[PDB]
Number of protein chains: 2
Amino acid sequence: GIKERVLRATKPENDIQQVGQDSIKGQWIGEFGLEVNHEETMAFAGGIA
Amino acid sequence: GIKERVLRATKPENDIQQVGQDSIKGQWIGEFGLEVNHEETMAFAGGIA
């Protein structure tokens with residue numbers, strides 16, 4: 001009952017520093033979300049055990 | 001007795017203008033320093049001679 005919905009997969013991106021700057025910049029970016037079908041067949045617990 | 005220590009050699013760097021600007025920009029860049037070994041064998045003079 002759990003699936004992952006992906007709009008943009010995770011990928012690297014490089015050379016995103018300001019123009020003329022003597023630096024190196026990079027990042028990872030993605031866009032995606034979660035779907036849960038039937039919540040009555042699942043449970044969550046807190047406290048020891 | 002004179003030596004030059006180079007960390008980054010001098011080179012031209014290109015494409016450093018603002019994004020979308022109808023112009024071309026580039027610069028000379030480098031990084032280094034100076035080393036002197038035996039200063040007793042050297043002299044400097046000030047005045048007319």
# chains A, B, ... in the order shown; residues from 1 in each chain; ligands from 1
>>> interface_residues(of="chain B", to="chain A", cutoff="12 Å", atoms="only C-alpha atoms", output="number ranges by chain")
B: 8, 13-21, 25-31
>>> write_last_selection(atoms="N, CA and C atoms", output="PDB file, in the first residue's frame")
ATOM      1  N   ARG B   8      49.177  28.528  -8.077  1.00  0.00           N
ATOM      2  CA  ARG B   8      48.361  28.469  -9.282  1.00  0.00           C
ATOM      3  C   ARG B   8      49.067  29.271 -10.361  1.00  0.00           C
ATOM      4  N   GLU B  13      41.460  33.376 -18.077  1.00  0.00           N
ATOM      5  CA  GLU B  13      40.166  32.786 -17.767  1.00  0.00           C
ATOM      6  C   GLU B  13      39.103  33.516 -18.573  1.00  0.00           C
ATOM      7  N   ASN B  14      38.211  32.761 -19.205  1.00  0.00           N
ATOM      8  CA  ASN B  14      37.267  33.311 -20.163  1.00  0.00           C
ATOM      9  C   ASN B  14      35.833  33.090 -19.699  1.00  0.00           C
ATOM     10  N   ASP B  15      34.915  33.818 -20.340  1.00  0.00           N
ATOM     11  CA  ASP B  15      33.477  33.691 -20.100  1.00  0.00           C
ATOM     12  C   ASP B  15      33.117  34.005 -18.650  1.00  0.00           C
ATOM     13  N   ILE B  16      33.406  35.234 -18.228  1.00  0.00           N
ATOM     14  CA  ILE B  16      33.102  35.677 -16.875  1.00  0.00           C
ATOM     15  C   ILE B  16      32.178  36.885 -16.871  1.00  0.00           C
ATOM     16  N   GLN B  17      31.455  37.124 -17.958  1.00  0.00           N
ATOM     17  CA  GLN B  17      30.514  38.229 -18.001  1.00  0.00           C
ATOM     18  C   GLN B  17      29.173  37.805 -17.406  1.00  0.00           C
ATOM     19  N   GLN B  18      28.321  38.792 -17.147  1.00  0.00           N
ATOM     20  CA  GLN B  18      27.006  38.517 -16.588  1.00  0.00           C
ATOM     21  C   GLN B  18      26.157  37.727 -17.575  1.00  0.00           C
ATOM     22  N   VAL B  19      25.213  36.956 -17.037  1.00  0.00           N
ATOM     23  CA  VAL B  19      24.379  36.106 -17.878  1.00  0.00           C
ATOM     24  C   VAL B  19      23.502  36.973 -18.768  1.00  0.00           C
ATOM     25  N   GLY B  20      23.506  36.674 -20.063  1.00  0.00           N
ATOM     26  CA  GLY B  20      22.681  37.379 -21.016  1.00  0.00           C
ATOM     27  C   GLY B  20      23.228  38.704 -21.492  1.00  0.00           C
ATOM     28  N   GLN B  21      24.366  39.153 -20.971  1.00  0.00           N
ATOM     29  CA  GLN B  21      24.933  40.422 -21.397  1.00  0.00           C
ATOM     30  C   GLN B  21      25.637  40.261 -22.734  1.00  0.00           C
ATOM     31  N   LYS B  25      33.957  39.012 -21.614  1.00  0.00           N
ATOM     32  CA  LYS B  25      34.855  39.381 -20.531  1.00  0.00           C
ATOM     33  C   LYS B  25      35.809  38.236 -20.224  1.00  0.00           C
ATOM     34  N   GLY B  26      37.038  38.592 -19.867  1.00  0.00           N
ATOM     35  CA  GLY B  26      38.039  37.623 -19.469  1.00  0.00           C
ATOM     36  C   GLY B  26      39.104  38.312 -18.649  1.00  0.00           C
ATOM     37  N   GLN B  27      39.864  37.513 -17.905  1.00  0.00           N
ATOM     38  CA  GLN B  27      40.829  38.069 -16.969  1.00  0.00           C
ATOM     39  C   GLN B  27      42.095  37.228 -16.930  1.00  0.00           C
ATOM     40  N   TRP B  28      43.174  37.860 -16.476  1.00  0.00           N
ATOM     41  CA  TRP B  28      44.419  37.183 -16.139  1.00  0.00           C
ATOM     42  C   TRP B  28      44.428  36.931 -14.640  1.00  0.00           C
ATOM     43  N   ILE B  29      44.733  35.701 -14.240  1.00  0.00           N
ATOM     44  CA  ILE B  29      44.706  35.332 -12.830  1.00  0.00           C
ATOM     45  C   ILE B  29      45.890  34.427 -12.528  1.00  0.00           C
ATOM     46  N   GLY B  30      46.409  34.537 -11.310  1.00  0.00           N
ATOM     47  CA  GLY B  30      47.488  33.681 -10.861  1.00  0.00           C
ATOM     48  C   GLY B  30      47.733  33.880  -9.385  1.00  0.00           C
ATOM     49  N   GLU B  31      48.529  32.977  -8.816  1.00  0.00           N
ATOM     50  CA  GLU B  31      48.865  33.029  -7.398  1.00  0.00           C
ATOM     51  C   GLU B  31      50.267  32.477  -7.196  1.00  0.00           C
TER      52      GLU B  31
END
>>> calpha_fit_and_write(fixed="chain A", moving="chain B", output="PDB file with C-alpha atoms, in the first residue's frame")
ATOM      1  CA  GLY B   1       1.019   0.157   0.205  1.00  0.00           C
ATOM      2  CA  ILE B   2       3.821   2.749  -0.057  1.00  0.00           C
ATOM      3  CA  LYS B   3       4.703   4.387  -3.368  1.00  0.00           C
ATOM      4  CA  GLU B   4       6.818   7.378  -4.384  1.00  0.00           C
ATOM      5  CA  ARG B   5       5.567   9.767  -7.071  1.00  0.00           C
ATOM      6  CA  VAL B   6       8.409  11.548  -8.872  1.00  0.00           C
ATOM      7  CA  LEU B   7       7.949  14.767 -10.827  1.00  0.00           C
ATOM      8  CA  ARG B   8      11.659  15.576 -11.159  1.00  0.00           C
ATOM      9  CA  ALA B   9      14.143  12.813 -10.417  1.00  0.00           C
ATOM     10  CA  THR B  10      17.056  13.344  -8.056  1.00  0.00           C
ATOM     11  CA  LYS B  11      20.236  14.315  -9.900  1.00  0.00           C
ATOM     12  CA  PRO B  12      23.365  16.396  -9.295  1.00  0.00           C
ATOM     13  CA  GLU B  13      23.451  19.889 -10.779  1.00  0.00           C
ATOM     14  CA  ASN B  14      26.820  21.487 -11.495  1.00  0.00           C
ATOM     15  CA  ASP B  15      28.316  24.917 -12.210  1.00  0.00           C
ATOM     16  CA  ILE B  16      26.134  27.039  -9.926  1.00  0.00           C
ATOM     17  CA  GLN B  17      28.799  29.310  -8.435  1.00  0.00           C
ATOM     18  CA  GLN B  18      28.968  33.064  -8.941  1.00  0.00           C
ATOM     19  CA  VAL B  19      30.475  34.344 -12.176  1.00  0.00           C
ATOM     20  CA  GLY B  20      34.239  34.707 -11.959  1.00  0.00           C
ATOM     21  CA  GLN B  21      34.522  33.146  -8.501  1.00  0.00           C
ATOM     22  CA  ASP B  22      37.522  30.840  -8.110  1.00  0.00           C
ATOM     23  CA  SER B  23      35.439  28.002  -6.701  1.00  0.00           C
ATOM     24  CA  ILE B  24      33.272  25.036  -7.685  1.00  0.00           C
ATOM     25  CA  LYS B  25      29.680  24.610  -6.509  1.00  0.00           C
ATOM     26  CA  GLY B  26      27.055  21.941  -7.089  1.00  0.00           C
ATOM     27  CA  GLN B  27      23.893  20.670  -5.471  1.00  0.00           C
ATOM     28  CA  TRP B  28      21.549  17.710  -5.148  1.00  0.00           C
ATOM     29  CA  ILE B  29      18.020  18.551  -6.286  1.00  0.00           C
ATOM     30  CA  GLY B  30      14.773  16.652  -6.737  1.00  0.00           C
ATOM     31  CA  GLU B  31      11.009  16.833  -6.406  1.00  0.00           C
ATOM     32  CA  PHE B  32       8.686  14.018  -5.335  1.00  0.00           C
ATOM     33  CA  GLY B  33       6.013  13.014  -2.832  1.00  0.00           C
ATOM     34  CA  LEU B  34       4.526  10.079  -0.949  1.00  0.00           C
ATOM     35  CA  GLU B  35       1.462   7.896  -1.541  1.00  0.00           C
ATOM     36  CA  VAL B  36      -0.206   5.520   0.933  1.00  0.00           C
ATOM     37  CA  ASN B  37      -2.933   3.135  -0.198  1.00  0.00           C
ATOM     38  CA  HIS B  38      -4.553   1.276   2.727  1.00  0.00           C
ATOM     39  CA  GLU B  39      -3.877   2.806   6.134  1.00  0.00           C
ATOM     40  CA  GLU B  40      -5.976   0.241   8.019  1.00  0.00           C
ATOM     41  CA  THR B  41      -3.156  -2.267   7.462  1.00  0.00           C
ATOM     42  CA  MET B  42      -0.575   0.042   9.071  1.00  0.00           C
ATOM     43  CA  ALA B  43       0.227   1.158  12.604  1.00  0.00           C
ATOM     44  CA  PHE B  44       2.533   3.462  14.538  1.00  0.00           C
ATOM     45  CA  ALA B  45       3.666   3.146  18.149  1.00  0.00           C
ATOM     46  CA  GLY B  46       4.833   5.715  20.666  1.00  0.00           C
ATOM     47  CA  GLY B  47       6.445   5.167  24.026  1.00  0.00           C
ATOM     48  CA  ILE B  48       9.104   2.796  25.294  1.00  0.00           C
ATOM     49  CA  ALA B  49       7.640  -0.019  23.190  1.00  0.00           C
TER      50      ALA B  49
END
>>> select_by_dssp(residues="chain A", states="strand (DSSP E)", output="ChimeraX atom specification")
/A:2-14,26-36
